[PDB]
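Asker: Protein chains in written order, with the numbering used here: chain A, 24 to 309; chain B, 558 to 865; chain C, 3 to 386; chain D, 5 to 50; chain E, 5 to 53; chain F, 3 to 345; chain G, 87 to 135; chain H, 9 to 358; chain I, 24 to 72. All residues carry an ideal CB built from backbone N, CA and C; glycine is no exception.
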């Protein structure tokens with residue numbers, strides 16, 4: 024299956040040439056649908072959201088790989104369906120990281136650095152097809168970056184993958200782009216560690232439940248308790264009510280920072296490592 | 558069709574009354590917990606008498622705890638002689654799209670993952686009973702994941718009150734309440750042990766740096782309405798700063814080569830955000846209506862595309 | 003239609019069809035698909051002689067599959083009849099009761115359960131017990147044959163002798179017994195029997211329904227409905243009339259080798275199947291069954307007054323000057339184990355049923371007795 | 005043998021066991037025969 | 005053809021003669037009932053096995 | 003007291019109890035059928051080829067829908083039981099443990115409880131090798147080697163010493179008061195009225211209410227151990243023979259029609275499994291078909307048994323040669339189906 | 087193994103301690119392994135037990 | 009070529025439904041909807057041209073995803089091991105010395121993993137390669153339960169693998185694995201599944217291995233026209249069931265997994281690679297890891313790490329336990345049958 | 024621990040020569056052996072009164 028995205032008329036010579044460039048690039052679309060407008064794809068369809076808003080958006084929208092581009096319409100095969108139908112669909116790196124064979128690949132919003140069409144008067148931002156072991160790392164480095172601006176290290180800004188060096192600095196606009204995640208990653212921990220601390224000395228419910236807990240708390244949790252409750256304390260405290268409020272909130276952030284793989288690269292008669300800027304054969308099917 | 562579909566065939570016996578047999582024709586979009594992936598099974602292995610242990614059929618909080626030991630599958634078509642269900646994990650269909658049915662009181666959206674929950678709601682525990690065979694079919698309820706974590710959370714919190722209201726919910730302005738029910742303590746013990754081991758392991762030395770930032774948040778919640786709404790009116794940290802003055806130690810053991818907060822996040826994500834997946838089962842199903850609408854109401858079918 | 007006898011002084015049967023399904027697995031292998039498909043073929047005879055090897059592997063497997071179904075039936079029947087079959091020991095009381103009284107007085111119902119228990123206990127395994135005798139066993143066979151009341155169906159054809167005498171039924175045993183009976187207790191009065199061949203068919207009077215595409219609406223187009231009906235109902239007769247024309251046409255009886263025994267007044271196929279069918283498969287011969295019995299052994303009970311005595315004076319005498327272990331309350335048993343061992347079973351084995359903390363769980367009782375409100379008795383010893 | 009053939013037509017851990025009992029008592033009995041049933045006849049013929 | 009004329013079976017019958025030995029009929033079959041300690045093992049110090 | 007006894011029993015004392023031991027057995031017989039000119043109408047269908055694919059290759063699986071109708075009115079076919087082969091279960095003495103089972107509230111002292119258990123389960127043919135898994139069932143120790151066949155599991159119903167032995171010289175009911183829909187009348191409460199109502203008199207021996215005041219009555223010491231209701235031993239796998247006697251909800255559930263009840267003790271489903279090592283409540287997958295006389299009659303059968311070896315040895319000579327009772331001693335001589343088999 | 091029953095007569099571990107158990111009195115004498123009486127030509131019947 | 013067991017012989021050809029389905033569509037009628045109411049060769053190659061036409065006049069059959077990789081022959085040997093073994097891809101080892109500096113707990117030697125890996129490059133030479141599974145068993149052979157069959161794994165590796173001092177490759181790579189867990193860089197963070205062997209191409213110092221990254225096993229045309237068949241083989245030390253150890257004897261499709269066991273001690277750290285066959289959900293698997301391997305729990309963050317490996321689609325899955333020959337060495341090998349490969353991702357500890 | 028008629032095997036205190044003093048050490052054990060002297064030293068279970 025292959026959908027259609029019609030380019031509306033009034034295209035200059037480079038605006039058709041810029042869309043000729045992004046051959047094998049990833050596109051989010053609202054629903055699997057035959058006919059579709061290009062304003063539904065563009066950055067104007069998102070409004071400007073933060074890094075938190077894009078990750079909630081990229082779960083709800085449906086990713087698709089652009090196949091061969093006709094001058095009138097953009098043809099794009101959806102990842103979830105037509106790629107289980109078709110055999111193997113190519114995919115161009117726009118990442119600085121070179122993909123190896125067999126890497127499960129997720130997407131990241133463009134936090135790093137974006138084709139703009141002037142005649143159609145819109146911007147196009149694109150996800151970054153980088154591998155999933157890096158994907159949970161590059162986020163967590165930047166979340167650790169934003170916490171230090173709420174009072175860093177000379178390291179933590181440099182990443183190594185497959186012999187290649189990255190620089191996450193390469194800034195204050197990015198820090199305000201990511202400020203809402205910092206306000207959720209801090210609160211989900213500070214709510215969390217207190218409910219651990221205000222329940223285990225509150226109950227330690229006994230027989231083998233607290234004893235196996237104390238076996239785990241033998242200078243490991245209780246020492247971490249006595250170290251935190253030194254700079255702390257020990258009416259009705261809504262303890263049981265806050266657990267529901269915490270498991271709903273902290274359970275939500277695991278969904279957002281999950282970054283599930285869609286792309287699984289099985290190269291055949293090709294390079295086992297695909298470089299940056301190159302196209303990679305991609306399946307999501309056994 | 559072994560990899561694309563997988564026709565696990567629940568056989569129907571000979572003696573079933575035509576009012577009971579035609580009661581299965583309204584069992585189209587359902588969820589059946591297959592114990593194995595055999596190609597020939599019976600209703601007795603599907604029905605609740607397979608679910609019961611020796612003398613004990615567990616409560617709803619325990620009724621989760623052997624769903625995840627089994628294989629959920631959705632009925633494709635109810636023939637007179639058999640019922641065919643494709644397992645969710647192996648392969649969905651030829652095209653890979655199966656239809657469920659909202660037995661929820663809750664309307665769905667497109668793209669949201671769908672968790673299936675035992676019948677916990679009030680006026681909802683509807684088990685299609687075979688009078689001709691003495692078999693009950695406890696059909697679970699497909700629910701949105703922003704509910705299905707809270708509904709587990711109300712049940713786990715109810716059992717720990719019972720070791721020393723809570724069963725009322727809201728969703729998009731719709732007030733709804735679940736069945737208040739006494740819980741077996743054997744079921745609560747594995748739940749409470751699953752909390753703490755994911756809570757103790759979620760604490761690292763770098764988290765003490767984060768703890769120092771609590772009076773900065775109440776310094777920030779007085780100006781940002783976003784932070785003032787984020788904490789809660791009944792949050793712990795708003796109360797855990799007026800009695801708590803946190804601090805950090807000066808130096809770290811081998812604090813030159815290791816990252817304090819980066820190790821704090823990864824151990825947090827691997828245990829605290831992971832924790833909702835361990836209580837319930839995983840939402841391996843989302844809804845992608847191709848041409849219908851954006852909101853799928855109750856009682857109606859919904860197309861399903863598999864969910865990584 | 004029940005017989006009814008006119009006395010002085012002041013009916014349809016509907017049975018449910020059981021339904022079952024039988025299975026076999028035929029599977030091939032990729033190696034031989036390429037050949038059969040024709041794909042891997044070459045011009046070389048070697049490529050060819052590789053087919054014939056993998057063409058025959060169907061013939062072998064197909065036959066051994068199709069065969070498993072004729073053995074399927076012969077299996078099912080034995081598995082079926084066992085479920086129509088009350089054991090003898092329980093019947094002969096019944097057939098005496100149904101024939102004579104067939105009456106609902108509670109005493110009648112009661113006097114069976116006496117006769118059932120004691121018939122069963124005595125006659126259960128007959129050839130093991132009375133087997134040495136003869137005039138008994140000759141009368142036991144005659145009971146089998148007469149215990150069943152004949153059935154309703156009258157078949158189109160009838161298994162018969164060479165002479166043509168009809169055959170009234172089938173004994174089925176193991177071979178271990180069949181050899182026994184054919185020596186002393188019976189005589190084989192025929193060798194080859196005549197057996198029908200063709201199966202049956204059915205006559206179809208159904209519900210005849212139409213869905214007929216129609217172009218244009220007029221009487222003829224509509225009358226075609228009425229017409230297509232007659233067309234369709236005209237077709238069934240032509241279908242049925244063939245079957246009767248076929249059943250009269252086909253060959254009917256052949257000659258078959260099987261044993262015909264004359265028991266009492268009736269000829270009977272005497273057959274033991276464990277060779278033809280159940281030999282050299284993993285399936286047990288269903289006719290070799292099972293039993294459950296349960297036994298009651300008392301341990302430490304104690305003799306009544308009249309029953310403590312000795313059959314003589316010096317009967318069992320301990321060595322002179324020694325105590326008598328006989329006169330003490332006994333705490334043991336003795337009995338015969340399986341293989342002829344003397345087992346021993348004494349109190350000290352009870353620990354597992356007693357030392358358990360359970361015997362001090364009263365709480366069901368106290369609540370369970372106090373459901374009904376109980377009166378207030380003299381409270382002289384219940385009150386402190 | 006005469007016990008074996010009966011067993012070969014059914015193989016748990018249990019079935020094996022009773023064979024052993026079956027063999028022993030069948031050996032301790034029918035081992036020598038014409039010295040035992042020699043006076044009888046119907047038994048030898050069988 | 006699945007079954008065939010077995011190649012083992014196409015030999016013509018050999019030359020049969022007449023020989024004195026005892027055919028006992030046990031059960032349904034015939035059996036040579038045979039004792040060899042005269043024909044063989046006689047005046048030869050080999051034991052009868 | 004559960005502690006006080008473990009002394010008085012081990013060290014040789016006789017307290018004021020006595021037990022009626024019970025156990026189950028399985029015998030492999032050889033049957034015979036009979037039938038008639040047409041005793042069954044048999045419908046056979048048409049075959050169905052189902053092509054499946056597998057790494058090994060393609061698979062064909064053939065099916066032929068078949069059906070059975072028994073058009074005889076009355077009994078048109080009969081099975082009988084000829085002889086008996088090897089009895090499968092060894093006739094042994096294996097006592098039952100309740101420590102395999104679970105679900106009883108432990109005596110309060112964590113010292114005293116662990117003291118008993120360690121002094122019972124230890125060194126036991128049966129009791130658990132490992133501590134109980136919190137879910138599932140404790141496993142019986144594996145045995146190095148087996149011989150006689152699987153081992154029967156006895157049970158012990160504590161019963162007052164005074165009840166006369168002469169109850170046991172005839173097939174009886176362990177519960178001491180008869181049960182079963184067979185005996186009952188036509189009313190609603192009948193099938194219950196028999197069992198637990200001690201106003202009336204035992205249908206088996208009308209001149210008394212019961213032979214076990216402890217085992218007969220509702221909520222007695224007897225019921226509490228053996229019922230489906232109380233699920234006391236529901237944990238453990240080991241088959242408990244007396245289960246079918248004391249379980250109340252089963253008896254009432256059965257129907258009363260004798261024309262039917264006969265046929266349906268021909269084919270009755272075992273409560274045990276030969277395939278297991280010792281004896282196990284049957285796993286739901288496998289089924290054995292077994293004829294239960296004791297299914298209908300709610301009775302059990304006595305054996306040759308004695309409290310002395312001496313007084314036993316005189317039994318093998320026959321029946322009328324058996325001295326029944328020496329001074330306090332006694333003998334029991336089996337009435338059974340197996341009476342004369344010399345098995 | 088005397089922590090276990092006896093396949094022959096399960097209710098006891100052994101009929102003798104002095105014989106059954108490894109390094110019992112008997113096994114010291116009659117185990118061909120220990121090779122005690124191996125000198126003498128006279129048969130030892132129990133050697134195979 | 010049209011035999012006369014026809015209803016099966018036409019059924020194996022890919023039916024009557026496709027004939028009858030095209031009958032109401034295409035065979036009848038003008039409806040859909042209408043008005044109302046030169047001696048030896050040629051003809052040897054000439055019929056081969058016609059065989060291409062026989063390849064063109066026509067064309068179940070399952071699909072694959074074959075993969076190839078140019079692979080150095082230091083660690084694995086696709087010539088010594090037959091077709092049908094597991095394979096394991098790696099990350100590139102230049103990420104090894106930097107990640108050990110941040111993932112190892114304080115007080116541990118982070119220089120150890122960069123040194124141990126550097127000694128391996130000078131020991132197999134007397135570049136992200138590939139680890140074969142049989143090579144991995146002899147490395148973790150000093151931690152197992154059945155130690156003799158682990159020496160049977162070690163018996164053929166030191167005699168059949170190409171290279172100089174293959175036992176020095178083993179005892180250095182096993183030292184690398186003891187440096188993995190000590191520097192907390194767990195081997196599941198490095199070992200990535202690469203599909204089962206079908207064929208390979210020989211060249212000096214490197215080999216071009218073909219493998220199925222996803223799909224079934226036995227119907228890949230191996231290249232050998234007599235046998236396009238190759239069963240999956242696993243040595244006996246790594247094969248662990250959960251149907252026998254948990255009394256789950258029912259039929260059903262059996263899954264295949266890889267499992268690492270971690271023992272974190274002071275310079276005595278164990279590694280065991282097991283192949284776990286199960287009838288279980290992958291979410292219903294971590295509780296089963298708690299029941300068995302609690303010994304390495306106390307001596308240590310989790311002790312276990314696992315991922316999916318493949319599925320046996322059989323109702324009653326069939327396994328073999330034989331002694332095959334790798335040259336002249338008899339190794340107790342658990343031969344699996346009918347495996348449909350579907351990979352997945354590892355699961356976490358920290 | 025009953026392996027022989029003529030000896031006793033008990034748990035001693037390993038690595039202690041004797042008589043050693045008032046309070047033997049808590050050090051580990053080892054099965055020891057002594058010589059029963061007369062009959063009566065046979066355990067009562069094995070020579071009943």
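Under 9 Å between C-beta atoms, does residue 43 (chain A) make it to chain B?
Answerer: Taking the first chain and counting its residues from 1, one reaches residue 43 (chain A) at position 20. Residue 43 (chain A) does not count as touching chain B.
Asker: Give the straight-line distance between the Cα atoms of residue 49 (chain F) and residue 30 (chain C), rounded to the nearest whole angstrom.
Answerer: Within the sixth chain, the letter at position 47 stands for residue 49 (chain F). Within the third chain, the letter at position 28 stands for residue 30 (chain C). Straight-line Cα distance between these residues: approximately 19 Å.
Asker: Should residue 114 (chain G) be flagged as near chain I, meaning a C-beta pair shorter than 9 Å?
Answerer: The residue you call residue 114 (chain G) lines up with position 28 of the seventh chain. Cβ-Cβ to chain I under 9 Å: yes for residue 114 (chain G).
Asker: Our contact map puts residue 45 (chain C) next to residue 55 (chain H) with C-beta atoms below 8 Å; I'd like the distance itself, whole angstroms only.
Answerer: Translated into the one-based positions of the third chain, residue 45 (chain C) becomes position 43. Translated into the one-based positions of the eighth chain, residue 55 (chain H) becomes position 47. Rounded, the Cβ-Cβ distance is 7 Å, consistent with contact.
Asker: Identify the contact partners of residue 139 (chain C) in chain H, using a Cβ-Cβ distance below 7 Å as the criterion.
Answerer: Reading the third chain from its first residue, position 137 is the one you call residue 139 (chain C). Those within 7 Å of residue 139 (chain C) in chain H number zero; the least Cβ separation is about 45 Å.
Asker: For residue 702 (chain B), report the span of its alpha helix (DSSP H) as first-last.
Answerer: Sequence index remark: in the second chain, residue 702 (chain B) carries index 145 (1-based). Its alpha helix (DSSP H) spans residues 702 to 718.
Asker: Would the stretch 114 to 130 of chain A count as touching the stretch 272 to 280 of chain A if we require 3 or more Cβ pairs under 8 Å?
Answerer: The way I'd put it, the stretch 114 to 130 of chain A doesn't touch the stretch 272 to 280 of chain A; fewer than three beta-carbon pairs between them come closer than 8 Å.
Asker: Give a yes or no on whether the C-beta atoms belonging to residue 413 (chain H) and residue 340 (chain H) are separated by under 9 Å.
Answerer: With chain H covering only 9 through 358, there is no way to say anything about residue 413 (chain H).
Asker: Could you check if residue 58 (chain I) is buried or exposed, using at least 16 other CB atoms within 10 Å of its CB as the buried criterion?
Answerer: If you number the ninth chain from 1, residue 58 (chain I) lands on position 35. Looking at its Cβ environment, which holds fewer than 16 other Cβ atoms inside 10 Å, residue 58 (chain I) is exposed.
Asker: Under the three-state reduction of DSSP, which class applies to residue 120 (chain G): helix, strand or coil?
Answerer: Along the seventh chain, one-based indexing puts residue 120 (chain G) at 34. It is coil, neither helix nor strand.
Asker: For residue 597 (chain B), report the span of its beta strand (DSSP E) as first-last.
Answerer: Residue numbering aside, residue 597 (chain B) sits at position 40 when the second chain is read from its first letter. Going by DSSP, residue 597 (chain B) is part of the beta strand (DSSP E) stretching over 597 to 599.
Asker: Drop a sphere of 10 angstroms on the beta-carbon of residue 91 (chain F), count the other beta-carbons inside from all chains shown, and report buried for 16 or more, exposed for fewer.
Answerer: For the purposes of this step, residue 91 (chain F) is identified with residue 89 of the sixth chain, where counting begins at 1. Flag for residue 91 (chain F) reads buried.
Asker: What residues in the stretch 73 to 88 of chain C bring their beta carbon closer than 8 Å to a beta carbon of chain D?
Answerer: Of all residues in the stretch 73 to 88 of chain C, none has a Cβ within less than 8 Å of some Cβ in chain D.
Asker: Looking at C-alpha atoms only, which residue of C:7, C:89, C:216 and C:134 is the closest neighbour of residue 41 (chain H)?
Answerer: Looking up residue 41 (chain H) in the eighth chain gives position 33. Measuring from the Cα of residue 41 (chain H), the nearest candidate turns out to be C:216.
Asker: With 9 Å as the threshold, decide whether the Cβ of residue 99 (chain H) is near any Cβ in chain B.
Answerer: Counted from its first residue, the eighth chain places residue 99 (chain H) at position 91. So, not an interface residue.
Asker: Have a look at residue 182 (chain H) and residue 30 (chain D) and give me their C-alpha separation to the nearest angstrom.
Answerer: Here residue 182 (chain H) refers to the residue found at position 174 of the eighth chain. Here residue 30 (chain D) refers to the residue found at position 26 of the fourth chain. Rounded to the nearest angstrom, the two C-alpha atoms are 60 Å apart.
Asker: Take residue 18 (chain C) as the anchor and find which of F:209, F:58, F:83 and F:73 has the nearest alpha-carbon.
Answerer: Taking the third chain and counting its residues from 1, one reaches residue 18 (chain C) at position 16. Looking at the Cα atoms, F:73 is the closest of the given residues.
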